[PDB]
Amino acid sequence: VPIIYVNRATXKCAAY
Amino acid sequence: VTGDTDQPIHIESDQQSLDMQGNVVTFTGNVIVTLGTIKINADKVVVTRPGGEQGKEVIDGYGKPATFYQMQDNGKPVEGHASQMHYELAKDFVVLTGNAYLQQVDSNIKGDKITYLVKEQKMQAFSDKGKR
(Lines give C-alpha, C1' and ligand atoms only; values in the text may rest on other atoms or scores of the structure.)
Protein backbone atom coordinates (compact mmCIF):
# COMPACT_ATOMS: atom_id res chain seq x y z
CA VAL A 1 0.00 0.00 0.00
CA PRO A 2 0.82 3.73 -0.44
CA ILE A 3 0.97 5.11 3.16
CA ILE A 4 1.40 8.61 4.67
CA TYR A 5 2.20 9.09 8.38
CA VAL A 6 2.11 12.53 10.07
CA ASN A 7 2.98 13.71 13.62
CA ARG A 8 0.10 15.36 15.55
CA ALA A 9 2.98 16.37 17.87
CA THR A 10 4.77 18.46 15.08
CA UNK A 11 2.37 18.89 12.07
CA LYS A 12 4.89 17.25 9.57
CA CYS A 13 4.79 14.06 7.48
CA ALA A 14 6.50 11.16 5.66
CA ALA A 15 5.30 8.56 3.04
CA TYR A 16 5.64 4.73 3.49
CA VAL B 1 -4.68 10.08 -6.20
CA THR B 2 -4.31 6.27 -6.74
CA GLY B 3 -3.57 3.81 -9.50
CA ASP B 4 -6.24 1.24 -10.23
CA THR B 5 -5.54 0.48 -6.52
CA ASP B 6 -6.50 0.72 -2.87
CA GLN B 7 -6.57 4.34 -1.59
CA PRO B 8 -3.56 5.81 0.30
CA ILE B 9 -3.71 5.19 4.08
CA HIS B 10 -3.23 8.27 6.33
CA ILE B 11 -2.04 8.09 10.01
CA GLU B 12 -1.70 10.93 12.60
CA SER B 13 0.27 9.89 15.79
CA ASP B 14 2.02 11.68 18.72
CA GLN B 15 5.37 9.83 19.08
CA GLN B 16 6.97 6.71 17.53
CA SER B 17 10.30 5.34 16.16
CA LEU B 18 11.36 3.86 12.75
CA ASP B 19 12.82 0.42 11.91
CA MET B 20 16.58 -0.33 11.56
CA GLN B 21 15.44 -2.78 8.78
CA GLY B 22 12.87 -0.26 7.31
CA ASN B 23 9.98 -2.85 7.23
CA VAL B 24 8.28 -3.28 10.73
CA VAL B 25 6.97 -0.18 12.63
CA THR B 26 4.37 1.15 15.11
CA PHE B 27 2.44 4.47 15.39
CA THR B 28 1.48 5.64 18.93
CA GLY B 29 -0.26 8.19 21.19
CA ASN B 30 -3.95 9.19 20.61
CA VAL B 31 -3.71 8.08 16.97
CA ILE B 32 -6.06 8.80 14.03
CA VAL B 33 -6.17 6.47 10.97
CA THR B 34 -8.01 7.83 7.89
CA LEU B 35 -8.92 6.05 4.59
CA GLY B 36 -11.91 6.68 2.20
CA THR B 37 -13.37 9.07 4.87
CA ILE B 38 -13.46 6.18 7.34
CA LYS B 39 -11.91 7.46 10.65
CA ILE B 40 -10.39 5.20 13.33
CA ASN B 41 -9.42 6.67 16.73
CA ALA B 42 -6.65 4.57 18.28
CA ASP B 43 -3.72 4.49 20.78
CA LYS B 44 -1.33 2.01 19.06
CA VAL B 45 -1.17 1.05 15.32
CA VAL B 46 1.09 -1.29 13.19
CA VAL B 47 2.25 -1.46 9.56
CA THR B 48 4.42 -4.43 8.42
CA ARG B 49 5.83 -5.51 5.00
CA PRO B 50 8.37 -8.14 3.67
CA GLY B 51 10.22 -5.57 1.44
CA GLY B 52 7.51 -6.22 -1.25
CA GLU B 53 7.98 -10.07 -1.39
CA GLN B 54 4.75 -11.56 -2.90
CA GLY B 55 3.40 -7.92 -2.84
CA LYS B 56 1.58 -8.47 0.53
CA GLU B 57 1.57 -6.46 3.77
CA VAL B 58 -0.87 -5.71 6.66
CA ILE B 59 -2.25 -2.90 8.88
CA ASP B 60 -3.44 -3.41 12.53
CA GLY B 61 -4.69 -1.07 15.34
CA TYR B 62 -5.87 -0.80 18.99
CA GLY B 63 -7.41 2.13 20.99
CA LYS B 64 -7.96 3.31 24.60
CA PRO B 65 -10.63 4.42 23.76
CA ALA B 66 -11.20 3.03 20.24
CA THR B 67 -13.78 4.66 17.88
CA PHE B 68 -14.70 3.64 14.29
CA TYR B 69 -16.41 6.31 12.14
CA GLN B 70 -17.72 5.88 8.62
CA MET B 71 -20.24 7.33 6.27
CA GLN B 72 -22.95 4.88 5.16
CA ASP B 73 -23.75 4.65 1.40
CA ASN B 74 -27.32 5.98 2.15
CA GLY B 75 -25.75 9.49 2.76
CA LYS B 76 -25.32 9.35 6.61
CA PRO B 77 -22.53 9.67 9.28
CA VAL B 78 -21.97 6.62 11.60
CA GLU B 79 -19.87 5.82 14.75
CA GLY B 80 -18.83 2.65 16.64
CA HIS B 81 -16.05 0.86 18.62
CA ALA B 82 -13.97 -2.37 18.67
CA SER B 83 -10.98 -3.79 20.64
CA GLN B 84 -8.83 -4.24 17.47
CA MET B 85 -8.90 -3.45 13.68
CA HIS B 86 -7.16 -5.14 10.67
CA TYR B 87 -6.68 -4.71 6.84
CA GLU B 88 -4.75 -6.37 3.91
CA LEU B 89 -4.52 -5.31 0.18
CA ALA B 90 -6.88 -7.93 -1.42
CA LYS B 91 -10.00 -7.71 0.83
CA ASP B 92 -12.25 -4.72 -0.30
CA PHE B 93 -13.02 -4.10 3.45
CA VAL B 94 -11.68 -3.35 6.96
CA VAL B 95 -12.41 -5.86 9.79
CA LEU B 96 -12.92 -5.04 13.50
CA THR B 97 -12.88 -7.68 16.34
CA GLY B 98 -13.35 -8.16 20.09
CA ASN B 99 -16.15 -6.25 21.88
CA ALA B 100 -17.46 -4.48 18.73
CA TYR B 101 -20.38 -1.97 18.19
CA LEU B 102 -21.78 0.11 15.23
CA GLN B 103 -25.25 1.77 14.94
CA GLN B 104 -27.49 3.97 12.77
CA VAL B 105 -31.21 4.78 13.30
CA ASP B 106 -31.71 2.12 10.54
CA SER B 107 -29.46 -0.71 11.87
CA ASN B 108 -27.49 -2.03 14.89
CA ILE B 109 -24.55 -4.51 14.84
CA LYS B 110 -22.67 -5.47 18.07
CA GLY B 111 -20.92 -8.51 19.61
CA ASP B 112 -17.67 -10.27 18.55
CA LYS B 113 -16.80 -8.61 15.25
CA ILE B 114 -17.78 -5.99 12.62
CA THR B 115 -17.13 -5.55 8.89
CA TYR B 116 -18.82 -3.17 6.40
CA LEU B 117 -18.90 -3.67 2.62
CA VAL B 118 -18.56 -0.24 0.85
CA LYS B 119 -20.78 -1.47 -2.08
CA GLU B 120 -23.22 -4.15 -0.68
CA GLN B 121 -25.48 -4.94 2.37
CA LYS B 122 -23.66 -7.93 4.08
CA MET B 123 -23.11 -6.47 7.58
CA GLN B 124 -23.78 -9.64 9.65
CA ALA B 125 -22.76 -11.63 12.75
CA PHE B 126 -19.57 -13.68 12.09
CA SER B 127 -18.79 -14.78 15.70
CA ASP B 128 -15.15 -15.33 16.22
CA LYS B 129 -12.32 -17.89 16.68
CA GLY B 130 -9.53 -15.62 18.04
CA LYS B 131 -9.49 -12.13 19.70
CA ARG B 132 -7.02 -10.53 17.25
# chains A, B, ... in the order shown; residues from 1 in each chain; ligands from 1

$ residues_around --residues "range 4-11 of chain A" --least-positions-apart "4" --cutoff "6 Å" --atoms "only C-alpha atoms" --output "count of residues only"
7

$ interface_residues --of "chain B" --to "chain A" --cutoff "10 Å" --atoms "only C-alpha atoms" --output "ChimeraX atom specification"
/B:2,5-16,22-23,27-34,47,49,52,55-59,88-89

$ write_last_selection --atoms "N, CA and C atoms" --output "short mmCIF file (atom, residue, chain, number, x, y, z; two decimals), in the first residue's frame"
data_model
loop_
_atom_site.label_atom_id
_atom_site.label_comp_id
_atom_site.auth_asym_id
_atom_site.auth_seq_id
_atom_site.Cartn_x
_atom_site.Cartn_y
_atom_site.Cartn_z
N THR B 2 -4.51 7.73 -6.82
CA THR B 2 -4.31 6.27 -6.74
C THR B 2 -3.76 5.78 -8.08
N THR B 5 -6.07 0.98 -7.80
CA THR B 5 -5.54 0.48 -6.52
C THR B 5 -6.45 0.83 -5.34
N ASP B 6 -6.18 0.19 -4.20
CA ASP B 6 -6.50 0.72 -2.87
C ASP B 6 -6.10 2.20 -2.73
N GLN B 7 -6.88 2.95 -1.94
CA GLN B 7 -6.57 4.34 -1.59
C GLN B 7 -5.36 4.44 -0.65
N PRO B 8 -4.63 5.58 -0.65
CA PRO B 8 -3.56 5.81 0.30
C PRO B 8 -4.08 5.89 1.74
N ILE B 9 -3.38 5.22 2.65
CA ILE B 9 -3.71 5.19 4.08
C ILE B 9 -3.01 6.36 4.78
N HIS B 10 -3.75 7.14 5.56
CA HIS B 10 -3.23 8.27 6.33
C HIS B 10 -3.25 7.98 7.84
N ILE B 11 -2.18 8.32 8.56
CA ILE B 11 -2.04 8.09 10.01
C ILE B 11 -1.50 9.35 10.70
N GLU B 12 -2.20 9.88 11.70
CA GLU B 12 -1.70 10.93 12.60
C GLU B 12 -1.44 10.39 14.02
N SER B 13 -0.18 10.41 14.47
CA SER B 13 0.27 9.89 15.79
C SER B 13 1.18 10.87 16.55
N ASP B 14 1.30 10.71 17.87
CA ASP B 14 2.02 11.68 18.72
C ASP B 14 3.53 11.42 18.76
N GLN B 15 3.95 10.19 19.06
CA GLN B 15 5.37 9.83 19.08
C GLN B 15 5.57 8.34 18.79
N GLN B 16 6.58 8.05 17.97
CA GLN B 16 6.97 6.71 17.53
C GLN B 16 8.46 6.68 17.16
N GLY B 22 13.79 -1.03 8.17
CA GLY B 22 12.87 -0.26 7.31
C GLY B 22 11.51 -0.89 7.00
N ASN B 23 11.09 -1.97 7.66
CA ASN B 23 9.98 -2.85 7.23
C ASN B 23 8.91 -3.16 8.31
N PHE B 27 2.86 3.07 15.21
CA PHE B 27 2.44 4.47 15.39
C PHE B 27 1.64 4.59 16.70
N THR B 28 1.91 5.61 17.51
CA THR B 28 1.48 5.64 18.93
C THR B 28 1.11 7.02 19.47
N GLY B 29 0.22 7.01 20.47
CA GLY B 29 -0.26 8.19 21.19
C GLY B 29 -1.45 8.85 20.50
N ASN B 30 -2.66 8.63 21.05
CA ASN B 30 -3.95 9.19 20.61
C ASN B 30 -4.06 9.35 19.08
N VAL B 31 -3.97 8.21 18.40
CA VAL B 31 -3.71 8.08 16.97
C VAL B 31 -5.01 8.21 16.18
N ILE B 32 -4.98 8.84 15.02
CA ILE B 32 -6.06 8.80 14.03
C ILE B 32 -5.57 8.06 12.78
N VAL B 33 -6.35 7.09 12.30
CA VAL B 33 -6.17 6.47 10.97
C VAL B 33 -7.33 6.88 10.08
N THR B 34 -7.03 7.30 8.85
CA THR B 34 -8.01 7.83 7.89
C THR B 34 -7.80 7.19 6.52
N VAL B 47 2.13 -1.10 10.99
CA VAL B 47 2.25 -1.46 9.56
C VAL B 47 3.49 -2.34 9.37
N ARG B 49 5.61 -5.02 6.37
CA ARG B 49 5.83 -5.51 5.00
C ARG B 49 7.11 -6.35 4.86
N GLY B 52 8.26 -6.03 0.00
CA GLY B 52 7.51 -6.22 -1.25
C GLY B 52 7.48 -7.67 -1.77
N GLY B 55 4.22 -9.13 -2.79
CA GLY B 55 3.40 -7.92 -2.84
C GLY B 55 2.36 -7.80 -1.72
N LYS B 56 2.56 -8.46 -0.56
CA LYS B 56 1.58 -8.47 0.53
C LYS B 56 2.12 -8.03 1.89
N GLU B 57 1.30 -7.21 2.54
CA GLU B 57 1.57 -6.46 3.77
C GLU B 57 0.25 -6.13 4.48
N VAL B 58 0.32 -5.83 5.78
CA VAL B 58 -0.87 -5.71 6.66
C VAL B 58 -0.83 -4.47 7.54
N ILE B 59 -2.01 -4.06 8.01
CA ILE B 59 -2.25 -2.90 8.88
C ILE B 59 -3.12 -3.35 10.06
N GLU B 88 -5.74 -5.83 4.87
CA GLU B 88 -4.75 -6.37 3.91
C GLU B 88 -5.21 -6.09 2.46
N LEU B 89 -4.27 -5.80 1.55
CA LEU B 89 -4.52 -5.31 0.18
C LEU B 89 -5.01 -6.36 -0.85
#

$ select_by_dssp --residues "range 46-121 of chain B" --states "strand (DSSP E or B)" --output "PyMOL selection string"
chain B and resi 46-48+58-62+67-72+76-81+84-88+95-103+108-115

$ atom_distance --atom1 "CA of residue 79 in chain B" --atom2 "CA of residue 1 in chain B"
26.2 Å

$ atom_distance --atom1 "CA of residue 67 in chain B" --atom2 "CA of residue 80 in chain B"
5.6 Å

$ residues_around --residues "range 119-132 of chain B" --least-positions-apart "5" --cutoff "12 Å" --atoms "only C-alpha atoms" --output "count of residues only"
32

$ decode --residues "range 26-44 of chain B" --atoms "N, CA and C atoms" --output "mmCIF file, in the first residue's frame"
data_model
loop_
_atom_site.group_PDB
_atom_site.id
_atom_site.type_symbol
_atom_site.label_atom_id
_atom_site.label_comp_id
_atom_site.auth_asym_id
_atom_site.auth_seq_id
_atom_site.Cartn_x
_atom_site.Cartn_y
_atom_site.Cartn_z
ATOM 1 N N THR B 26 5.540 0.850 14.290
ATOM 2 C CA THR B 26 4.368 1.151 15.113
ATOM 3 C C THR B 26 4.119 2.659 15.106
ATOM 4 N N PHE B 27 2.855 3.074 15.206
ATOM 5 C CA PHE B 27 2.442 4.470 15.393
ATOM 6 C C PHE B 27 1.641 4.594 16.695
ATOM 7 N N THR B 28 1.914 5.615 17.514
ATOM 8 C CA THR B 28 1.484 5.637 18.928
ATOM 9 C C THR B 28 1.110 7.019 19.466
ATOM 10 N N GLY B 29 0.222 7.014 20.467
ATOM 11 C CA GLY B 29 -0.257 8.194 21.191
ATOM 12 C C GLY B 29 -1.453 8.855 20.505
ATOM 13 N N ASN B 30 -2.660 8.628 21.052
ATOM 14 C CA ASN B 30 -3.953 9.195 20.613
ATOM 15 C C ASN B 30 -4.055 9.353 19.083
ATOM 16 N N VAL B 31 -3.969 8.209 18.404
ATOM 17 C CA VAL B 31 -3.711 8.081 16.970
ATOM 18 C C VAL B 31 -5.014 8.206 16.184
ATOM 19 N N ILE B 32 -4.977 8.844 15.017
ATOM 20 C CA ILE B 32 -6.062 8.800 14.030
ATOM 21 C C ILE B 32 -5.573 8.060 12.783
ATOM 22 N N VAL B 33 -6.347 7.089 12.297
ATOM 23 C CA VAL B 33 -6.169 6.468 10.975
ATOM 24 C C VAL B 33 -7.334 6.880 10.079
ATOM 25 N N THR B 34 -7.033 7.304 8.852
ATOM 26 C CA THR B 34 -8.009 7.830 7.889
ATOM 27 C C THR B 34 -7.805 7.190 6.516
ATOM 28 N N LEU B 35 -8.894 6.713 5.908
ATOM 29 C CA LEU B 35 -8.917 6.051 4.595
ATOM 30 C C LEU B 35 -10.339 6.128 4.023
ATOM 31 N N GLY B 36 -10.559 6.621 2.798
ATOM 32 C CA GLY B 36 -11.910 6.676 2.198
ATOM 33 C C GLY B 36 -12.970 7.431 3.019
ATOM 34 N N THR B 37 -12.543 8.385 3.854
ATOM 35 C CA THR B 37 -13.366 9.073 4.874
ATOM 36 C C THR B 37 -14.003 8.133 5.924
ATOM 37 N N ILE B 38 -13.462 6.921 6.078
ATOM 38 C CA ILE B 38 -13.458 6.178 7.344
ATOM 39 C C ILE B 38 -12.470 6.888 8.285
ATOM 40 N N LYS B 39 -12.826 7.040 9.567
ATOM 41 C CA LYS B 39 -11.912 7.455 10.649
ATOM 42 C C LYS B 39 -11.812 6.329 11.666
ATOM 43 N N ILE B 40 -10.619 6.105 12.205
ATOM 44 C CA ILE B 40 -10.394 5.203 13.334
ATOM 45 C C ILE B 40 -9.560 5.947 14.380
ATOM 46 N N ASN B 41 -10.143 6.185 15.556
ATOM 47 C CA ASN B 41 -9.423 6.668 16.734
ATOM 48 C C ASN B 41 -8.787 5.475 17.444
ATOM 49 N N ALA B 42 -7.512 5.613 17.774
ATOM 50 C CA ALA B 42 -6.646 4.570 18.283
ATOM 51 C C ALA B 42 -5.641 5.128 19.315
ATOM 52 N N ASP B 43 -4.785 4.244 19.804
ATOM 53 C CA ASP B 43 -3.724 4.490 20.783
ATOM 54 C C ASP B 43 -2.396 3.894 20.300
ATOM 55 N N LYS B 44 -2.462 2.710 19.670
ATOM 56 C CA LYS B 44 -1.331 2.008 19.063
ATOM 57 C C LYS B 44 -1.748 1.337 17.748
#
